[PDB]
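Asks: Position 140 (the sequence shown) corresponds to 140 in the authors' numbering; numbering is contiguous.
Every residue gets a Cβ at the ideal spot worked out from N, C-alpha and C, and that includes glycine.
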Amino acid sequence: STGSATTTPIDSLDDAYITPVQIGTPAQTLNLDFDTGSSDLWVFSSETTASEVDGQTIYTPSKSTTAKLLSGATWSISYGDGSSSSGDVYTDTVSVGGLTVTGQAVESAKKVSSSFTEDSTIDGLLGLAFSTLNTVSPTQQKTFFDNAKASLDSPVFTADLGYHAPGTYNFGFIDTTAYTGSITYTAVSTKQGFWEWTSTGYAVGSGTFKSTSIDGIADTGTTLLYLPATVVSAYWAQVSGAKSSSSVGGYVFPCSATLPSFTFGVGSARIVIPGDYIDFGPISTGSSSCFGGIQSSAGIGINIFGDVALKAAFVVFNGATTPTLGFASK
């Protein structure tokens, strides 16, 4: 089997991407944030505290003839941005782009933190990291990809995120028309539960490539590119007037600037992030200070190849017995 679904930016900045997902019988379609940095499929629901729902579409398990309470199971998750959610668990039928999994754990939110409430466009998350990170207790549950894998034509999914435009998540096949050149594959460590890999270096604009190992994660659920402070300083030093602002929470730059590109290495291959992809717009409405899309990872504990980086590539998440990642230009 295969599946193919379009993923759409939630706003004009590509702050996140939503993909429609069918849950239950008859189908209830929710727009979920596909997140290769986490491993829970959770949704706003009829059980979510009413004051914490503000415009999201909810899953109502009592209206699904295939929903079953997973007795005794609870979940609770906290994300790197400080947001969180928790609740109980159903199993139900879940389909993405024509690919159907029966018995998928659908984690129903009883509580969500303010940033979820305040974002009316995201109805939940669909985790695509390794199932060892799934938070369901006392019986850990498998991700949608893990459940689908054996049925797929090939044990892979691909992320093809657009810049200010829709893109595609495919399951079970590699669309050879969706990228240019060849796909360069690189080793993955699953020891932290992430799609963790080592970039071979970077360049800023037309500058020379610096060969240096940068361990980080391919994370579709993180907006920006978070890299070591040395790398980030080298980037922003090429932008007149750019500075790190403790009050804003990162590097800002004059909105009048033209940003240089940023290149990252995948083995001997190179992925070029155009400068425009690094512009996240005014820090507040009407400001002439703009927020940068490359930020320091120094306070995180891990480097994160988020959407800013991934949207410059066609990315293969290869879930073979020994997982690997593939990157192609497009």
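Consult DSSP for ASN170 and reduce its assignment to one of helix, strand or coil.
Replies: Strand at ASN170.
Asks: Out of curiosity, what's the CA-to-CA distance linking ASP35 and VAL231?
Replies: 25 Å
Asks: Quick check on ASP81: buried or exposed, where buried means 16 or more other Cβ atoms within 10 Å of its Cβ?
Replies: exposed
Asks: Rounded to the nearest angstrom, how far is the Cβ of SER64 from that of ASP92, given a contact under 8 Å?
Replies: 6 Å
Asks: Considering just the uninterrupted stretch of the alpha helix (DSSP H) at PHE144, what are its terminal residues?
Replies: 144-148
Asks: Rounded to whole angstroms, what is the Cα-Cα separation between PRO61 and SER78?
Replies: Roughly 24 Å between the two C-alpha positions.
Asks: Since I believe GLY265 is in contact with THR200 (beta carbons under 8 Å), could you give me their beta-carbon distance rounded to a whole number of angstroms?
Replies: Confirmed, about 3 Å.
Asks: CA-CA distance, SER329 and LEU310?
Replies: 10 Å
Asks: Nearest by alpha-carbon distance to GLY250: which of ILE271, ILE283, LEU259 and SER182 is it?
Replies: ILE283
Asks: Within the same chain, show all residues whose beta-carbon is closer than 8 Å to that of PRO228, passing over the 5 residues directly before and after it, in chain order.
Replies: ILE214, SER296, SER297, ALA298 and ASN303
Asks: Kindly indicate the opening and closing residues of the alpha helix (DSSP H) around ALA234.
Replies: First-last of the alpha helix (DSSP H) with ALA234: 229-236.
Asks: Grouping DSSP H, G and I as helix and E and B as strand, with all else coil, what is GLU52?
Replies: helix
Asks: What three-state label does DSSP hand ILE278 in the structure shown?
Replies: helix
Asks: Give the single residue among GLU52, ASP54, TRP195 and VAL101 whose Cα lies nearest to the Cα of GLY24.
Replies: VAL101
Asks: Apply the 10 Å Cβ neighbour rule to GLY267 and answer buried if 16 or more other Cβ atoms are within range, or exposed otherwise.
Replies: exposed
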